[PDB]
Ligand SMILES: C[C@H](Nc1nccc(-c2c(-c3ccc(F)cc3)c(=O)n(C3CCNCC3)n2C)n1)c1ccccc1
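Take a look at this single chain in structure tokens; it is the form solved without the ligand.
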């Protein structure tokens, strides 16, 4: 391949009954977990001197659905270049050609402590909460500007280091429901980027109080807890709900007013409570956006409009393509080949 990177030396090892063939660069691999779509080892990146997560995708081209999902994840990870968002440090295959291309490895930021983990051994100050939520919204302004929706924000998807610096991880490539917006939990209407703002509101409330905000046990129990705080849907929102059955169910509920959040959160920063009221609006079209939230006075000590960048536009037209397995595979291989590592 014209002007491609030199192929590193690979070495083979079996780890949890899985063959891993990775460049010499990655040393001291040790298993961290396994999902349905791949398994993850922590490793020492001898090129950067950092510990990294190396994900080997599990049979990435098994079907059309899996092959397209593999391409979607690689396209997503290659696009995102932001301090508060997971970035692709490396992607490699041991294959020297498309004909032997079978395995895909993704190298990213190693999840040490997530947000749940950091509260288990300390009490966060309001300064800590301000900075953590600011970084989530700064990352979200970036991904939303490219028309990317995370879809599954929760504390276990937010990595935090010892400097209280945060990265958004584990994007939804399309479990607890406590952080999910009501309009997607019951499929009331289409996914909008406003669903990520709802999740931030749930996360922030939990960081401020130490209690999960809506810890329901099923979808109905959860909806009733949500509606108790934010009120039943008004007539404007009911018009936007597409399923008639969902509308009839909502209209069957005893009407409830929105609660006064200041009563619910006595002792919390009033600017924090004001921001929460703007994030946990039931109508998604009235929720504050990530860009607007960064300008809220709650973040006055961190907000810098010259240091809150937006993303390049992200071409998602591939999503409407209907291709053979080997075509998605060939597209994925092209993206592995075209990958340019980040500097340093």
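Numbering follows the first chain given and starts at 1. Superpose the two forms; the largest set of C-alphas matching within 1.5 Å is the rigid core.
With each structure aligned by its rigid core, the stretch whose Cα atoms sit farther from this model in 6 other deposited structures of this protein, between 175-183 and 74-82, is 175-183. Core-fitted comparison in 6 other deposited structures of this protein shows that, between 55-63 and 32-40, the CA atoms farther from the shown form belong to 32-40.
In this entry, residue 174 and residue 175 are separated by 10 or more residues of the deposited sequence that lack coordinates. Remark: stretch with higher mean C-alpha B factor among 42-50 and 309-317 is 42-50. As the entry records it, the average C-alpha temperature factor is higher for 113-121, out of 202-210 and 113-121.
By the numbers in the PDB entry, the CA B factor is greatest at 257 among 257, 270, 87, 94. The PDB entry gives the largest Cα B-factor of the residues 242, 135, 145, 157 to 242. Remark: residue 61 belongs to the middle third of its chain, ranked by C-alpha B-factor as recorded. Ranked by Cα temperature factor within the chain, residue 70 sits in the lowest third according to the deposited record. Sort the chain's modelled residues by C-alpha temperature factor and residue 37 lands in the highest third, per the entry. Residue 217: CA B factor in the highest third of modelled residues in this chain (values from the PDB entry). Residue 292: CA B factor in the lowest third of modelled residues in this chain (values from the PDB entry).
One more form of this protein exists, namely the form solved in complex with the ligand; it is left out here, but the text below deals with it.
Three or more atoms of the ligand lie within 2.4 Å of backbone or C-beta atoms here once its pose in the entry with it bound is superimposed on the site C-alphas of this chain, so the site counts as blocked. Looking at the ligand in the entry with it bound, residues 40, 108 and 113 each place a heavy atom within 4.5 Å of it. Although the partner is absent from this view, residue 32 contacts the ligand in the entry with it bound, with a non-hydrogen atom inside 4.5 angstroms.
Contact annotation: residue 55 falls within 4.5 Å of the ligand in the entry with it bound, judged by heavy atom distances. Looking at residue 157, you'd find a heavy atom of it within 4.5 angstroms of the ligand in the entry with it bound. Taking the ligand as positioned in the entry with it bound, the only residue of 59-80 that brings a heavy atom within 4.5 Å of it is 77.
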